[PDB]
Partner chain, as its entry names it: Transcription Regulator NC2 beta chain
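First, one chain by itself: the form solved without the partner chain, in structure tokens.
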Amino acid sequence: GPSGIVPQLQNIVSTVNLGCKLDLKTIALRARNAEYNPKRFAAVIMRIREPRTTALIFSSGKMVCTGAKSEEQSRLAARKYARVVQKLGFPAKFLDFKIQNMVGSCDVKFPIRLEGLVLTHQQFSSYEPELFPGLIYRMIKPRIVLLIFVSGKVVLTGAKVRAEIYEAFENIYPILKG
């Protein structure tokens, strides 16, 4: 008996190794979409318009890609940053691409007594309203962290694959309902 609610993917974090050392001053000077403030942060901040994402490019050749709404979009965006870096004169490669984190969200559309949930599911729950309005639920199977709000809105994070977000939500729904 499924809930009939499908969590929406909000953000994907992926990594890739461009397999060569990079001169960040050269990238900042010769790219249009690069932001570089070494005294503030040691990496280049690069942005492309489609898929709309942000990349962090390190002098080691390692790269982090953020903001995509699908694992496919994250891969296409990562390949585009690699192609920008290649055109800038570097012998960049596309090695060890990996989805590292996925964030999902949904609404159960009924209020939640967080003060009651933290008592019945204490071993997984942390609720400190002097610090944060949501209850932090650390699910073991799958290993997902959920942020549960009084509104019934739920944030799911820490997933490596899409199925882990869906599995964690189907697990929490009967706990929240009854």
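Numbering follows the first chain given and starts at 1. The term rigid core refers to the maximal set of C-alpha atoms that superpose within 1.5 Å between the two forms.
Taking the root mean square of CA deviations in 7 other deposited structures of this protein after fitting on the rigid core, 34-42 and 51-59 differ, and the farther of the two is 34-42. In this entry, 22-30 shows the higher mean Cα temperature factor of the pair 22-30 and 129-137. Of the two stretches examined, 90-98 and 76-84, the record assigns the greater average C-alpha temperature factor to 90-98. The deposited CA B-factor of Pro38 belongs to the middle third of values across its chain. In the PDB entry, a CA B factor belonging to the highest third of its chain's modelled residues is recorded for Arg143. The deposited CA B-factor of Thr157 belongs to the lowest third of values across its chain. Ranked by Cα temperature factor within the chain, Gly61 sits in the highest third according to the deposited record. Ranked by Cα temperature factor within the chain, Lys69 sits in the middle third according to the deposited record.
The protein also exists as the form deposited with the partner chain bound; that form is not presented, and the subsequent description refers to it.
Within this chain, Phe124 lines the site of the partner chain in the deposited complex, having a heavy atom no more than 4.5 Å away. Among heavy atoms of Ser60, none comes within 4.5 Å of the partner chain in the deposited complex. For the chain shown alone, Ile5 is not a contact residue for the partner chain in the deposited complex, no non-hydrogen atom being within 4.5 angstroms. Each of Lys141, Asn171 and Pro174 comes within 4.5 Å of the partner chain in the deposited complex, counting any heavy atom.
Shown here without the partner chain, the chain has no residue in 7-37 lying with a heavy atom within 4.5 Å of that partner in the deposited complex.
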